[PDB]
2 protein chains.
Amino acid sequence: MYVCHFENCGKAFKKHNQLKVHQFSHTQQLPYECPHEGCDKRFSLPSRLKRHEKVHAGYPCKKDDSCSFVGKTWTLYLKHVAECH
Amino acid sequence: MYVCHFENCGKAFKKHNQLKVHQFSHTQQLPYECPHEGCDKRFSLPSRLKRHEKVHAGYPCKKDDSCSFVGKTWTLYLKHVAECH
Ligand SMILES: [Zn+2]
Ligand SMILES: [Zn+2]
Ligand SMILES: [Zn+2]
Ligand SMILES: [Zn+2]
Ligand SMILES: [Zn+2]
Ligand SMILES: [Zn+2]
């Protein structure tokens, strides 16, 4: 089965095209797609997309796979790495 | 900055605890949490959680990291692997 990854859904469909058509119900409401290849993040406002693209530009913590820290600068990244985990 | 991973959000906070408090606004609306360790999936209905747990029990496609197929049976998994990608 093809399973919908959108939040609070998980509806499953026998055929891939049925999932794609279903998913239009989500993407219509979230027209602003992240331009990075492989990233499935979408938003309903341009400002939220822009904020998200700035996060891509930063320095994500990979010490912990649970950690949601993304440093705006290299200084703040190395400080985080030293003080956490 | 600590960045919120919930859909259509991405709000960022200087401190980890500020993100956690913010995230209560999401989790209050999605009370049904997946019991699998490492899985952040949440739902607003018990039926959606149950469906999601059944997906965990199945056979996820790992030929493609984009593919959303999860086989209900081993037969259907190997058929998918042969006919796709
Ligand atoms: Zn869906
Ligand atoms: Zn992105
Ligand atoms: Zn971290
Ligand atoms: Zn949020
Ligand atoms: Zn799960
Ligand atoms: Zn596949």
# chains A, B, ... in the order shown; residues from 1 in each chain; ligands from 1
>>> residues_around(residues="residue 6 (chain A)", least_positions_apart="6", cutoff="10 Å", atoms="only C-alpha atoms", output="ChimeraX atom specification")
/A:23,26-27,40-42 /B:7,41
>>> write_last_selection(atoms="N, CA and C atoms", output="PDB file, in the first residue's frame")
ATOM      1  N   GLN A  23      -3.302  13.243  -2.357  1.00  0.00           N
ATOM      2  CA  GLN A  23      -2.374  14.211  -1.773  1.00  0.00           C
ATOM      3  C   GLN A  23      -2.581  15.635  -2.279  1.00  0.00           C
ATOM      4  N   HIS A  26      -4.057  17.862   0.315  1.00  0.00           N
ATOM      5  CA  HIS A  26      -3.084  18.482   1.221  1.00  0.00           C
ATOM      6  C   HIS A  26      -2.346  19.645   0.560  1.00  0.00           C
ATOM      7  N   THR A  27      -1.798  19.415  -0.635  1.00  0.00           N
ATOM      8  CA  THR A  27      -0.922  20.396  -1.285  1.00  0.00           C
ATOM      9  C   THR A  27      -1.660  21.660  -1.737  1.00  0.00           C
ATOM     10  N   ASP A  40      10.443  17.481   1.598  1.00  0.00           N
ATOM     11  CA  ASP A  40       8.996  17.423   1.385  1.00  0.00           C
ATOM     12  C   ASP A  40       8.225  18.497   2.165  1.00  0.00           C
ATOM     13  N   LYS A  41       8.940  19.443   2.774  1.00  0.00           N
ATOM     14  CA  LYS A  41       8.306  20.459   3.608  1.00  0.00           C
ATOM     15  C   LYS A  41       7.509  21.449   2.763  1.00  0.00           C
ATOM     16  N   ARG A  42       6.288  21.743   3.206  1.00  0.00           N
ATOM     17  CA  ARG A  42       5.390  22.671   2.525  1.00  0.00           C
ATOM     18  C   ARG A  42       4.698  23.565   3.539  1.00  0.00           C
TER      19      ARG A  42
ATOM     20  N   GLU B   7       3.978  20.179  10.982  1.00  0.00           N
ATOM     21  CA  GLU B   7       3.604  20.618   9.647  1.00  0.00           C
ATOM     22  C   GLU B   7       3.125  22.066   9.608  1.00  0.00           C
ATOM     23  N   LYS B  41       5.330  10.543  14.881  1.00  0.00           N
ATOM     24  CA  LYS B  41       4.004  10.633  14.276  1.00  0.00           C
ATOM     25  C   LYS B  41       2.914  10.708  15.341  1.00  0.00           C
TER      26      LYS B  41
END
>>> calpha_fit_and_write(fixed="chain B", moving="chain A", output="compact mmCIF listing (two decimals) with C-alpha atoms, in the first residue's frame")
# COMPACT_ATOMS: atom_id res chain seq x y z
CA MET A 1 17.81 27.99 17.24
CA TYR A 2 15.43 25.12 18.07
CA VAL A 3 13.07 24.59 15.13
CA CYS A 4 9.53 23.18 15.27
CA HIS A 5 9.13 20.11 13.02
CA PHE A 6 5.31 20.11 13.00
CA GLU A 7 3.60 20.62 9.65
CA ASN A 8 3.14 24.17 8.33
CA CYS A 9 5.14 25.65 11.19
CA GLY A 10 8.94 25.80 11.50
CA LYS A 11 8.81 28.47 14.22
CA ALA A 12 12.23 28.80 15.85
CA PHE A 13 13.15 29.50 19.50
CA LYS A 14 16.40 30.49 21.24
CA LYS A 15 15.93 27.98 24.08
CA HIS A 16 14.94 24.31 23.96
CA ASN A 17 12.29 24.71 26.66
CA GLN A 18 10.59 27.52 24.70
CA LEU A 19 10.21 25.14 21.75
CA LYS A 20 8.80 22.44 24.04
CA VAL A 21 6.18 24.81 25.45
CA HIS A 22 5.31 26.01 21.95
CA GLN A 23 4.89 22.41 20.80
CA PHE A 24 2.14 21.78 23.36
CA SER A 25 -0.06 23.86 21.02
CA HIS A 26 0.39 21.08 18.41
CA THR A 27 0.29 18.00 20.68
CA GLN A 28 -2.93 19.13 22.43
CA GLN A 29 -4.62 18.79 19.03
CA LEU A 30 -2.86 15.47 18.26
CA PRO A 31 -3.23 13.45 21.50
CA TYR A 32 -2.55 10.01 19.94
CA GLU A 33 1.19 9.39 19.81
CA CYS A 34 2.91 6.53 18.03
CA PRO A 35 4.39 4.19 20.68
CA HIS A 36 7.45 3.23 18.59
CA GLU A 37 10.72 4.70 19.87
CA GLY A 38 12.08 7.38 17.54
CA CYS A 39 8.76 7.90 15.73
CA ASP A 40 7.31 11.41 16.03
CA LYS A 41 4.00 10.63 14.28
CA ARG A 42 0.86 11.84 16.07
CA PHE A 43 -2.87 11.85 15.28
CA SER A 44 -6.17 13.38 16.46
CA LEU A 45 -8.11 10.07 16.29
CA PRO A 46 -7.44 6.59 17.71
CA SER A 47 -8.33 5.02 14.33
CA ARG A 48 -5.56 6.97 12.57
CA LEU A 49 -3.01 5.89 15.20
CA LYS A 50 -4.07 2.25 14.81
CA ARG A 51 -3.74 2.40 11.01
CA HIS A 52 -0.29 3.93 11.45
CA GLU A 53 0.82 1.17 13.86
CA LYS A 54 -0.30 -1.43 11.28
CA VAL A 55 1.94 0.31 8.74
CA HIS A 56 4.87 -0.16 11.17
CA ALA A 57 4.11 -3.90 11.15
CA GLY A 58 4.37 -4.07 7.35
CA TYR A 59 7.26 -4.12 4.89
CA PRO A 60 8.49 -0.63 3.92
CA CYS A 61 10.15 -0.12 0.53
CA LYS A 62 13.80 0.95 0.89
CA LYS A 63 14.80 0.66 -2.79
CA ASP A 64 13.80 4.31 -3.11
CA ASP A 65 13.92 6.73 -0.15
CA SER A 66 11.11 8.69 -1.85
CA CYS A 67 8.83 5.62 -2.18
CA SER A 68 5.87 5.54 0.20
CA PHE A 69 5.02 1.86 -0.38
CA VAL A 70 4.59 -0.37 2.67
CA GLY A 71 3.61 -3.96 1.90
CA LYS A 72 0.95 -5.66 4.03
CA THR A 73 2.51 -9.05 3.19
CA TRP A 74 5.86 -10.45 2.14
CA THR A 75 4.34 -11.57 -1.18
CA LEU A 76 3.17 -8.04 -1.96
CA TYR A 77 6.49 -6.56 -0.85
CA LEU A 78 8.58 -8.75 -3.17
CA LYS A 79 6.12 -8.07 -6.01
CA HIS A 80 6.59 -4.33 -5.49
CA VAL A 81 10.38 -4.66 -5.39
CA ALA A 82 10.31 -6.59 -8.69
CA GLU A 83 7.83 -4.38 -10.58
CA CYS A 84 9.00 -0.92 -9.41
CA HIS A 85 12.28 1.07 -9.37
>>> select_by_dssp(residues="chain A", states="strand (DSSP E or B)", output="ChimeraX atom specification")
/A:2-3,12-13,32-33,42-43,59-60,69-71
>>> write_last_selection(atoms="N, CA, C and O atoms", output="compact mmCIF listing (two decimals), in the first residue's frame")
# COMPACT_ATOMS: atom_id res chain seq x y z
N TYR A 2 0.42 2.30 -0.69
CA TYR A 2 1.09 3.59 -0.68
C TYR A 2 0.49 4.49 0.40
O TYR A 2 -0.70 4.78 0.39
N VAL A 3 1.33 4.94 1.34
CA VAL A 3 0.88 5.58 2.57
C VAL A 3 1.16 7.08 2.54
O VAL A 3 2.26 7.50 2.19
N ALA A 12 -4.00 5.07 3.28
CA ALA A 12 -3.24 4.17 2.42
C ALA A 12 -4.06 3.82 1.17
O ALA A 12 -5.28 3.71 1.24
N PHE A 13 -3.37 3.63 0.05
CA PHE A 13 -4.01 3.39 -1.24
C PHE A 13 -3.31 2.27 -2.00
O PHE A 13 -2.09 2.22 -2.03
N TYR A 32 3.16 26.46 -0.87
CA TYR A 32 4.55 26.90 -0.85
C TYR A 32 5.48 25.74 -0.51
O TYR A 32 5.59 25.33 0.64
N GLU A 33 6.13 25.21 -1.55
CA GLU A 33 6.98 24.03 -1.44
C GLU A 33 8.44 24.41 -1.29
O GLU A 33 8.94 25.30 -1.97
N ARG A 42 6.29 21.74 3.21
CA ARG A 42 5.39 22.67 2.53
C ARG A 42 4.70 23.56 3.54
O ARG A 42 4.51 23.17 4.69
N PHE A 43 4.27 24.74 3.09
CA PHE A 43 3.65 25.75 3.95
C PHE A 43 2.49 26.46 3.26
O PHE A 43 2.38 26.43 2.04
N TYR A 59 23.21 25.56 10.38
CA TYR A 59 24.08 24.46 10.77
C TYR A 59 23.31 23.49 11.66
O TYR A 59 23.21 23.70 12.87
N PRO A 60 22.73 22.44 11.08
CA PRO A 60 21.91 21.51 11.85
C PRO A 60 22.75 20.62 12.77
O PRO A 60 23.82 20.16 12.37
N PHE A 69 18.00 21.52 16.98
CA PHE A 69 18.82 22.73 16.92
C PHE A 69 19.39 22.92 15.52
O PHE A 69 19.91 21.98 14.93
N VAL A 70 19.28 24.14 15.01
CA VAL A 70 19.96 24.55 13.79
C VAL A 70 20.60 25.91 14.04
O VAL A 70 19.90 26.91 14.23
N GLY A 71 21.92 25.95 14.09
CA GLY A 71 22.64 27.19 14.35
C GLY A 71 22.58 28.18 13.21
O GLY A 71 22.75 27.81 12.06
>>> select_by_dssp(residues="chain A", states="alpha helix (DSSP H)", output="NGL selection string")
:A and (16-27 or 46-57 or 74-83)
>>> write_last_selection(atoms="C-alpha atoms", output="mmCIF file, in the first residue's frame")
data_model
loop_
_atom_site.group_PDB
_atom_site.id
_atom_site.type_symbol
_atom_site.label_atom_id
_atom_site.label_comp_id
_atom_site.auth_asym_id
_atom_site.auth_seq_id
_atom_site.Cartn_x
_atom_site.Cartn_y
_atom_site.Cartn_z
ATOM 1 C CA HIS A 16 0.497 5.011 -6.442
ATOM 2 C CA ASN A 17 -1.647 7.321 -8.581
ATOM 3 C CA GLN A 18 -4.530 7.097 -6.083
ATOM 4 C CA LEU A 19 -2.193 8.374 -3.366
ATOM 5 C CA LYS A 20 -1.007 11.203 -5.633
ATOM 6 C CA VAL A 21 -4.579 12.320 -6.319
ATOM 7 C CA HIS A 22 -5.419 12.093 -2.611
ATOM 8 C CA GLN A 23 -2.374 14.211 -1.773
ATOM 9 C CA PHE A 24 -3.668 17.119 -3.864
ATOM 10 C CA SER A 25 -6.121 17.676 -0.976
ATOM 11 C CA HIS A 26 -3.084 18.482 1.221
ATOM 12 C CA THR A 27 -0.922 20.396 -1.285
ATOM 13 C CA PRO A 46 5.396 32.605 1.850
ATOM 14 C CA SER A 47 6.873 33.843 5.160
ATOM 15 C CA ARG A 48 6.916 30.301 6.594
ATOM 16 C CA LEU A 49 8.644 28.970 3.466
ATOM 17 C CA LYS A 50 11.268 31.723 3.673
ATOM 18 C CA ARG A 51 11.972 30.988 7.347
ATOM 19 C CA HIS A 52 12.330 27.314 6.466
ATOM 20 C CA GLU A 53 14.804 28.057 3.641
ATOM 21 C CA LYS A 54 16.897 30.103 6.099
ATOM 22 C CA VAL A 55 16.990 27.043 8.373
ATOM 23 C CA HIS A 56 18.430 25.046 5.435
ATOM 24 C CA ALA A 57 21.218 27.642 5.212
ATOM 25 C CA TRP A 74 29.227 28.682 13.083
ATOM 26 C CA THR A 75 29.998 30.229 16.490
ATOM 27 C CA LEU A 76 26.553 29.299 17.812
ATOM 28 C CA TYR A 77 26.770 25.821 16.286
ATOM 29 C CA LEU A 78 30.087 24.968 17.977
ATOM 30 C CA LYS A 79 28.774 26.419 21.256
ATOM 31 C CA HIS A 80 25.747 24.124 21.035
ATOM 32 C CA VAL A 81 27.909 21.089 20.240
ATOM 33 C CA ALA A 82 30.085 21.822 23.294
ATOM 34 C CA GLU A 83 27.304 22.586 25.798
#
